[PDB]
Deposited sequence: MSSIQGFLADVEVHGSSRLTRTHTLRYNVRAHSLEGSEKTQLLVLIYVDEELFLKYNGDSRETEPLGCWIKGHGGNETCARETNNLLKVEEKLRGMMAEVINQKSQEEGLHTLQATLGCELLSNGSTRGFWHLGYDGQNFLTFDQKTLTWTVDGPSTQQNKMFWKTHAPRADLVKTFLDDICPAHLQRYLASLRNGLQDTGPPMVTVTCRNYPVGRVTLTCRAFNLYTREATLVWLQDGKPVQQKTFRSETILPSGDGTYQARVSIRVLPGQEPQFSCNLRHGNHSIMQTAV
């Protein structure tokens, strides 16, 4: 349910022609950390939400670089957590059983990263990294005597830390309508947080029976009309 993914490519630095890894780190499928040792006018250390992280980033680059020293000597690789995975190549090789799945077999099997060091990284060291990487919302309700013969109730949730949310209209505690928000339906507030909105029409006089419930993470928040 949570995914850490390293995307790495061998490359040489302009000055001394030794090899480093350009690494891209994706937590939950979004670009999170970046180390480009051969940057020129761009930043070698990239982070989007740190400094503590970028310090570890340099360390995981060498760790990964060391593990793949033999095959480094256009090599690219993608690896990560959640179950682990590790693929290699000049794009063909996969860490299946603690062995590597591809004359081609003889060369790859020999040069491949040690299965011991690989299993440990995927089983313990990488989950820890993913673990390391990993006020309240507020709800308002407004009412309008509109349209004719109806009252419109509008529930808005502000200050959502993530883009997942459920808003429920309840009538005397009975769920009436529900909306679960996705990506492309959740609203960016523009300050890093997200917001959502559901509305409902009721008969005049029904309003005091109605309440709005926000479920977000471990938050369950009530607001009456």
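Quickly check which stretches of the deposited sequence aren't in the model, judged by C-alpha, and list them in order. Several regions go unmodelled: 1-21, 71-78, 103-111, 121-127, 137-139, 145-146, 153-158, 191-200, 292.
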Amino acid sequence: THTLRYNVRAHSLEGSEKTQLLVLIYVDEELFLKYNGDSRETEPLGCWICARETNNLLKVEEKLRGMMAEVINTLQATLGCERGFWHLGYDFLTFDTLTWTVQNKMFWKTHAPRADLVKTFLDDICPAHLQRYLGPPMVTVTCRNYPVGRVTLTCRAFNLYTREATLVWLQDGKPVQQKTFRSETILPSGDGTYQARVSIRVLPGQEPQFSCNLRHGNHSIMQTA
From here on, numbers count along this sequence of modelled residues.
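Between 115-123 and 139-147, which has the larger average Cα B-factor in the PDB entry? Mean CA B-factor is higher for 115-123.
Which is higher in the entry, the mean Cα B factor of 196-204 or that of 53-61? On average, C-alpha B-factors are higher across 53-61.
Using the entry's values, work out which of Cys155, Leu75, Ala128, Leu79 has the largest Cα B factor. That would be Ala128.
In terms of the chain's CA B-factor thirds, is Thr185 lowest, middle or highest? Middle third of the chain for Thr185's C-alpha B-factor.
How does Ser211 rank on Cα B-factor within its chain, lowest, middle or highest third? CA B-factor rank for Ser211: lowest third.
How does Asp191 rank on Cα B-factor within its chain, lowest, middle or highest third? For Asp191, whose C-alpha B-factor we compare with every modelled residue in the chain, the answer is the lowest third.
Hey, what third does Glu29 fall into on Cα B-factor, ranked over its chain? Its C-alpha B-factor belongs to the middle third of this chain's values.
With respect to C-alpha B-factor, does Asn218 fall in the lowest, middle or highest third of the chain as deposited? Its C-alpha B-factor belongs to the highest third of this chain's values.
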